[PDB]
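Participant: Pasting the sequence and an experimental structure:
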Amino acid sequence: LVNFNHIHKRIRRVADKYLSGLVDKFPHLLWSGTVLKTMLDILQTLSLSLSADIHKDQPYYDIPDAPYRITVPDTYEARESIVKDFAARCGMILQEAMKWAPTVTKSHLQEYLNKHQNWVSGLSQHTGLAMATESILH
Amino acid sequence: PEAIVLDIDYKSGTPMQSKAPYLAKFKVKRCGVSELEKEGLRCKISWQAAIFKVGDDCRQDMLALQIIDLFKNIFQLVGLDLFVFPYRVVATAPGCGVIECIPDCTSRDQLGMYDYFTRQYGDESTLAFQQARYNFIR
């Protein structure tokens, strides 16, 4: 998941192919309790990177509770393209997971919604919570 | 007058191409003005290379660097990002001048330059490429 948006071109497409194969061979990973958290955190980090005063320095980024880092391109159009592209797999697999086993993923989302750290920043944008609550209602 | 020479190099001296101006390299330490005055009355570490020329006057360059310093101060006060280098120069006698040369100079005559940049920094997918582009533009 983390390498799905690498700065090269062939790397991300082969990563997408590998992820598709892994997820269509092991269906139970869809409603796992650890994949969704990382997905939402990565989406939130990308969104925070979207509007960041383009001419600043150090375009690197960090991911909480996971040893990794994220690099972004320079121009704004590339940034919005990559964030828009990443915002589709999350929705598609969320709807697929809710199609099969609703109760377990519903409880997982409810548990994720109550993290204390996200409360203070909740007065900011924090599109991860918005994505979660829109998905659960839609 | 902002730095006092710590030592003098002997064999680094070479004559420049121009009239036979020559080079003088000094191991210098940057201290200040008032403490420099006190130390000179009594008696950060870099190398300074100076060109000594005899036979011509450079008052027009003095006017030029006056204007350059004024423009640089304007831009700094407003808060923009533009680069100019106001190197020093002093006329000490009729036709006798001391010029501060810029170390690590690679003029165009010594060199396509776009091919050189491409070879040095890869394609657009390298951060150094666009960093150099930004510096060149500014």
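Facilitator: All right, it came through fine. Residues are numbered from 1 along each chain as shown, chains lettered A, B, ... in the order given.
Participant: going forward, measure contacts between C-alpha atoms and count neighbours the same way
Facilitator: Fine.
Participant: which residues touch the residue most central in space within chain B?
Facilitator: With the centre of chain B defined as its mean C-alpha position, the nearest residue by CA atoms, centre = their mean is residue B:102, 3.5 Å away. With contacts defined as CA atoms under 8 Å, 6 or more residues apart in numbering or on different chains, residue B:102 is in contact with residue B:87.
Participant: and it, which of the three is it?
Facilitator: Reducing the assignment at residue B:102 to three states with DSSP: H, G, I helix; E, B strand; the rest coil gives coil.
Participant: Tell me how far it lies from residue B:58.
Facilitator: If you measure residue B:102 against residue B:58 using CA to CA, to the nearest Å, the figure is 18 Å.
Participant: Same question for residue B:9.
Facilitator: Using CA to CA, we find residue B:9 at a distance of 27 Å from residue B:58.
Participant: Who has more neighbours out of those two?
Facilitator: Just comparing residue B:9 and residue B:58: by other CA atoms under 10 Å in any protein chain shown the higher neighbour count belongs to residue B:58, 16 against 11.
Participant: Let me see the contact set for the residue nearest to residue A:46 when sequence neighbours are not counted.
Facilitator: With CA to CA, 6 or more residues apart in numbering or on different chains as the measure, residue A:83 is the residue that lies nearest to residue A:46, at 6.5 Å, once sequence neighbours are left out. Contact analysis of residue A:83 by CA under 8 Å, 6+ apart lists A:43, A:46-47, A:50.
Participant: Could you identify the helix or strand that succeeds the helix or strand harbouring residue A:83?
Facilitator: In this structure, residue A:83 is located in helix A:76-100 according to DSSP states H and E. Where DSSP H and E defines the elements, the next helix or strand beyond helix A:76-100 is helix A:102-113.
Participant: now the helices for chain B?
Facilitator: Per DSSP state H, chain B carries helices over the ranges B:34-42, B:59-78, B:113-121, B:127-137.
Participant: For the last one, report the contacting residues that lie outside it.
Facilitator: Helix B:127-137 is contacted by residues B:117-118, B:121-124 when judged by CA under 8 Å, 6+ apart.
Participant: who touches the nearest residue to residue B:81 once chain neighbours are set aside in this structure?
Facilitator: Using CA to CA, 6+ apart and skipping residues adjacent in sequence, the residue nearest residue B:81 is residue B:138, 6.9 Å away. For residue B:138, the set of contacting residues under the criterion of CA under 8 Å, 6+ apart consists of B:81-83.
Participant: can you confirm residue A:11 is in a strand?
Facilitator: No - the assignment for residue A:11 is helix, going by three-state DSSP, so no strand is present there.
Participant: So what's the residue count around it?
Facilitator: Summarising burial for residue A:11: neighbours were counted as other CA under 10 Å, giving 13.
Participant: Would you check how far apart it and residue A:64 are?
Facilitator: Counting by CA to CA, the gap between residue A:11 and residue A:64 amounts to 24 Å.
Participant: what's the answer for residue B:47, then?
Facilitator: Distance from residue B:47 to residue A:64, by CA to CA: 46 Å.
Participant: Likewise for residue A:112?
Facilitator: Applying CA to CA to residue A:112 and residue A:64 gives a distance of 14 Å.
Participant: Between those two, point out the one with more neighbours.
Facilitator: Each of residue A:112 and residue A:64 has its neighbours counted (other CA under 10 Å); residue A:112 has more, 17 against 11.
Participant: contacting residues for that one?
Facilitator: Counting by CA under 8 Å, 6+ apart, residue A:112 touches residue A:37.
Participant: let's see it at 10 Å
Facilitator: Contact criterion CA atoms under 10 Å, 6 or more residues apart in numbering or on different chains gives A:33, A:36-37, A:40, A:106, A:118, A:129, A:132 as the residues in contact with residue A:112.
Participant: Check residue B:1 too.
Facilitator: Residues counted as contacts of residue B:1 (CA under 10 Å, 6+ apart) are B:30-34, B:36-37.
Participant: 7 Å instead, please
Facilitator: With contacts taken as CA atoms under 7 Å, 6 or more residues apart in numbering or on different chains, residue B:1 has the following neighbours: residue B:33.
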